[PDB]
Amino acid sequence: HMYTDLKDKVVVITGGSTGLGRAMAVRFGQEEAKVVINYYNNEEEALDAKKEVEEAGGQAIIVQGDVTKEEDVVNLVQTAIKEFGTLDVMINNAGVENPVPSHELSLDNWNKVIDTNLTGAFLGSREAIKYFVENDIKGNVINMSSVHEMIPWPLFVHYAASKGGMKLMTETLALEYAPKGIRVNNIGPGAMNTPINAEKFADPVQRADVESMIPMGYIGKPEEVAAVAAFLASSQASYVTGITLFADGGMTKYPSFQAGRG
């Protein structure tokens, strides 16, 4: 396979049962890693995800957990160490979103998105870094951000805030723990072909509208994001820390400015 240093590394992935999380689980499985698949409630998809990792060449366990509960995040990292003996790569991928005019967004709805997308990632990063620090492991954290840590997002002010926060969180942790050889990075996906979007992307006018925001002209395949994760996790990225690697087909480059407009 591609990244031989990933062989037998322990990789924890929150929200790893579907979409980008699942595609990363499979990709690490192709690198013969040991994958720990976290999931919220859908056991059967998690079980499905588990079998793919094994069929791709990896070992895999599944572990239920809500990333807004501190005990569940703590339990997740502990289960990883118990079952597989160590922890090498931590991937905070869980996320939720919903459209609301910002002046109408409730505090409860704001909190759900902040608690899930930002705080969940802090909790995961923290538990992983604690472990690397205590055991002198030169481990790796990948936080799943979005083009919306840079691109503002009307109707999604909670989501945008959560990812803008994630960017400074990641950059801080990278600076703080760089002297220990612990690397911390964001991946910034653009529009991706995942379950959350299956409804929207079946509709031809909506699919075309979205593709018109993508300079490369196509909706990303989850494996293209998983390719970025494998690179970032591997020793090929040994000197790469504190960055956001956008995988967005050019979306952060301002799609409205194609053909020299404005």
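Numbers follow the displayed sequence, beginning with 1.
Looking at 142 to 150 and 68 to 76 together, the entry lists the larger mean B-factor for 68 to 76, computed on C-alpha atoms.
Of the two segments, 231 to 239 and 191 to 199, the one listed with the higher mean B-factor is 191 to 199 (C-alpha atoms only). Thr14: CA B factor lies in the middle third for its chain, per the PDB record. Among the modelled residues of its chain, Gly120 has a C-alpha B-factor that falls in the lowest third, as given in the PDB entry. Among all modelled residues in this chain, the alpha-carbon of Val100 has a temperature factor (C-alpha) in the middle third. Ranked by C-alpha B-factor against the other modelled residues of its chain, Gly165 falls in the lowest third. Sort the modelled residues of the chain by CA B factor and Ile81 lands in the highest third.
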